[PDB]
């Protein structure tokens, strides 16, 4: 008895000073536990030392974009998926210089 992912808490838009770190969090459940995928301007995010996502809590998937630059302003999208379905949540990241 599989259950499609359901977002309880959507991601919120962030306006962050260039050089600071951007954080995005979604609370989502599903059976099996859904995998979490993040997209920056439509491009799927892969982990690096600057940008990665993790599970700070079992039902919270978080994206961290460290030391942002103007080049990081973007539409941010998280997609939670498991064998029963997928769902997504959207926000933007707006970077401000100095």
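Numbering follows the first chain given and starts at 1.
> Where do the C-alpha atoms have the higher mean temperature factor in this entry, in 41 to 49 or in 24 to 32?
Comparing averages over the C-alpha atoms only gives 41 to 49.
> Taking the recorded C-alpha temperature factors, which stretch has the higher mean, 69 to 77 or 55 to 63?
Mean B over CA atoms: larger for 69 to 77.
> Can you tell me which third, lowest, middle or highest, the CA B-factor of residue 84 falls into for its chain?
Middle third, going by the recorded CA B-factors of the chain.
> Based on the entry's values, in what third of the chain does the Cα temperature factor of residue 93 lie: lowest, middle or highest?
Ranked within chain, residue 93 CA B lands in the middle tercile.
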